[PDB]
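>>> Compute the structure for the input listed below.
(chains A and B)
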Amino acid sequence: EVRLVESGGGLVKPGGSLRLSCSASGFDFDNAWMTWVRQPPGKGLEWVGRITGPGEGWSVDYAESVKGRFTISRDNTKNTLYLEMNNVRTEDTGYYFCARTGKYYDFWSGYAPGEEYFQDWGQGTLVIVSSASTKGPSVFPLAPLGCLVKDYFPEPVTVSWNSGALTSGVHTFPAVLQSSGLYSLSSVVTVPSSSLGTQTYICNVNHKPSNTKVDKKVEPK
Amino acid sequence: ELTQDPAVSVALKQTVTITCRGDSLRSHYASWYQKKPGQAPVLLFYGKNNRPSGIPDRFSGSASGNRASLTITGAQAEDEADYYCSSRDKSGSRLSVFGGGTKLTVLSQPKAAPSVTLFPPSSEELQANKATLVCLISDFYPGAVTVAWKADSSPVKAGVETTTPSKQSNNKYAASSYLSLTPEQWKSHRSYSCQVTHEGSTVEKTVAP
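Numbering: from 1, shown residues only, chains lettered A, B, ... in the order given. What follows is the structure:
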């Protein structure tokens, strides 16, 4: 019944600007504390910032890594929370989550410092800060067998063998993201050793973002 | 500021404790979150003995000194995930921080050694003044491998890109490692080898011009 939905993510070049939004329903959003959290792919969660409610004057706190570049604001009339990202860097890449933030404190006893906990989350929106340009793969045969799909941006590519006839023993490995910012992947099929001469094995590579379609025949050296 | 062990493994239905340590924990409570790929984090526990409704009873937390601990009593396969502690970054501060995170592996399959296939540079690639060796690793469990590249039994410390393991359909894991080389280096050495170490056992494949 509590719903949070982030949007606005996408591809942005370093130094660009971006506005994320998080819409909310099912709870008293107007008075709720709201927190932004991000996660770089493969890395840990990082607290971005939080906007308070009326009791704290709608004040905002930021992580030092984003202070002076990010601004968090809210539009209570629209039940929408915003994260404005300016002068973004590659380190800002990641999934961005908005979280309804609870407060664990006892006003009347004062026995402990108040704790903020994140009880409801949206599904997240992906932001990629990359200077990489659209790039078609170089397709190289891997002789006895498979295909090497090298140096492409962005994801995805599609690989099929013998125009979809060969689906048995085909293992298309997940792509690797290199330090260059470009992807590479390999697709390999296990075939009978005797059938090498009899059957011609061709792999079909499609990279729609670059309008690249390559059919590479794989055969022994 | 908040430090946890990066990796721990538990057997099915066994007990595992994931611990968070930091100076702030001497005076502040910690909250605990479960994070799986492609899914939002989930609050598991916070404060002094608070578990949100809908969180199974096998999750419980504790705290003493400068540490906070999340205990899973009877881990299930669905409990395999990253777990993060969260607290104030320091006393007198309005900022929160997450711990480094702990990847909990729940051993849900028999141990399986990886199958390794190593491919030499293509003739077409070499004619383009480029050379890459492809080391394909599949059918291993659990999903953690260390890949080492050797140039005639000498370790190569450049031009290596390796994927994190990803689950296959048969619940084993696959990974790949790529070594980038100029054509000169590929012919300057007699052989090149991919060394895959899994659960203390090393699997080596070798190619040559």
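>>> Look up how far residue A:171 lies from the residue nearest to residue B:162 when sequence neighbours are not counted.
Nearest non-adjacent residue to residue B:162, counting by Cβ to Cβ, 6 or more residues apart in numbering or on different chains: residue B:177, 4.2 Å away. Placement of C-beta: from N, CA and C, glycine included. Between residue B:177 and residue A:171 the distance is 15 Å, computed by Cβ to Cβ, to the nearest Å.
>>> With residue B:5 instead?
Distance, residue B:5 to residue A:171, by Cβ to Cβ: 33 Å.
>>> more crowded one of these two?
Using other Cβ atoms under 10 Å in any protein chain shown as the criterion, residue B:5 and residue A:171 rank with residue A:171 on top: 18 against 14.
>>> That one looks like it's in a helix, true?
No: counting by DSSP: H, G, I helix; E, B strand; the rest coil, residue A:171 is not found in a helix; it is strand.
>>> Quick test: name the residue nearest the centre of chain A.
Nearest to the mean C-alpha position of chain A, by Cα atoms, centre = their mean, lies residue A:126 at 4.0 Å.
>>> who's residue B:20 bridged to?
Beta-bridge pairing of residue B:20 under DSSP bridges involves residue B:4, residue B:68.
>>> and the gap between it and chain A?
Distance, residue B:20 to chain A, using Cβ to the nearest Cβ, to the nearest Å: 12 Å.
>>> And for residue B:16?
Separation of residue B:16 from chain A (Cβ to the nearest Cβ): 19 Å.
>>> ok, and the closest non-adjacent residue to that residue?
Closest to residue B:16 by Cβ to Cβ, 6+ apart is residue B:10, at 3.8 Å.
>>> so what's the one you found up against?
Residue B:10 sits next to B:16, B:72, B:75, B:104, B:105, B:106, B:107 when contact means Cβ atoms under 8 Å, 6 or more residues apart in numbering or on different chains.
>>> Take those and keep only those in strands.
Counting by DSSP state E, the part of the contacts of residue B:10 found in strands is B:16, B:72, B:104, B:105, B:106, B:107.
>>> Need the max-distance pair from those.
By the measure Cβ to Cβ, B:72 and B:107 form the most distant pair in these, at 13.4 Å.
>>> mind listing what's buried in stretch A:68-76?
Going by neighbour count (16 or more other Cβ atoms under 10 Å in any protein chain shown), the buried part of stretch A:68-76 is A:70, A:71, A:72, A:74.
>>> quick one, domains of chain B?
Domain segmentation of chain B under curated CATH domains yields B:2-107, B:115-207.
>>> Please spell out which residues along stretch A:90-99 are buried.
Buried-residue list, stretch A:90-99, by 16+ other Cβ under 10 Å: A:92, A:93, A:94, A:95, A:96, A:97, A:98, A:99.
>>> partner residues bridging residue A:177?
With DSSP bridges as the rule, residue A:177 is bridged to residue A:183.
>>> ah, wrong one, I meant residue A:201
residue A:218.
>>> ok, it touching residue A:163?
No: look at residue A:201 against residue A:163 with Cβ atoms under 8 Å: they stay out of range, at 11.3 Å.
>>> Please say which of these two ends up with more neighbours.
More crowded of residue A:201 and residue A:163, by other Cβ under 10 Å: residue A:201, with 20 against 10.
>>> which ones are touching that one?
Under the criterion of Cβ under 8 Å, 6+ apart, the neighbours of residue A:201 are A:145, A:161, A:162, A:166, A:189, A:191, A:217, A:218, A:219.
>>> count of neighbours near the third one?
Okay, so that is residue A:162. Count around residue A:162 with other Cβ under 10 Å applied: 16.
>>> residue contacts, the closest residue in space to it that isn't next to it in sequence?
Once flanking residues are discounted, residue A:162 sits nearest to residue A:202: 5.9 Å by Cβ to Cβ, 6+ apart. For residue A:202, the contact set (Cβ under 8 Å, 6+ apart) comprises A:161, A:162, A:163, A:215, A:216, A:217, A:218.
>>> Next, give phi and psi for the first one.
Reported as degrees, to the nearest 10, the phi and psi values for residue A:161 are phi -120, psi 130.
>>> surely it meets residue A:204?
Yes: counting by Cβ under 8 Å, residue A:204 is a contact partner of residue A:161 at 7.3 Å.
>>> starting at the chain centroid, how far to stretch A:61-77?
Centroid displacement of stretch A:61-77 relative to its chain, using Cα atoms, centre = their mean, to the nearest Å, is 21 Å.
>>> ok, now stretch B:18-31?
For stretch B:18-31, the distance to the chain centre is 23 Å (Cα atoms, centre = their mean).
>>> Could you give me the buried positions within that stretch?
Buried-residue list, stretch B:18-31, by 16+ other Cβ under 10 Å: B:18, B:19, B:20, B:21, B:22, B:24, B:25, B:28, B:29, B:30, B:31.
>>> do the same with stretch A:202-215
A:202, A:203, A:204, A:205, A:206, A:207, A:210, A:212, A:214.
>>> Domain map for chain A?
Following curated CATH domains, one gets these domains for chain A: A:3-129, A:138-218.
>>> Just the helices from chain B, written as ranges.
Remark: helices assigned in chain B by DSSP state H are B:123-127, B:183-188.
>>> Any chance of CSV for the ones you listed, columns distance to residue A:136 and mean neighbour count?
Formatted as CSV, the helices of chain B follow (distance: least, Cβ to Cβ, whole Å; neighbours: other Cβ atoms under 10 Å in any protein chain shown):
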stretch, distance to residue A:136, mean neighbour count
helix B:123-127, 15, 15
helix B:183-188, 22, 15
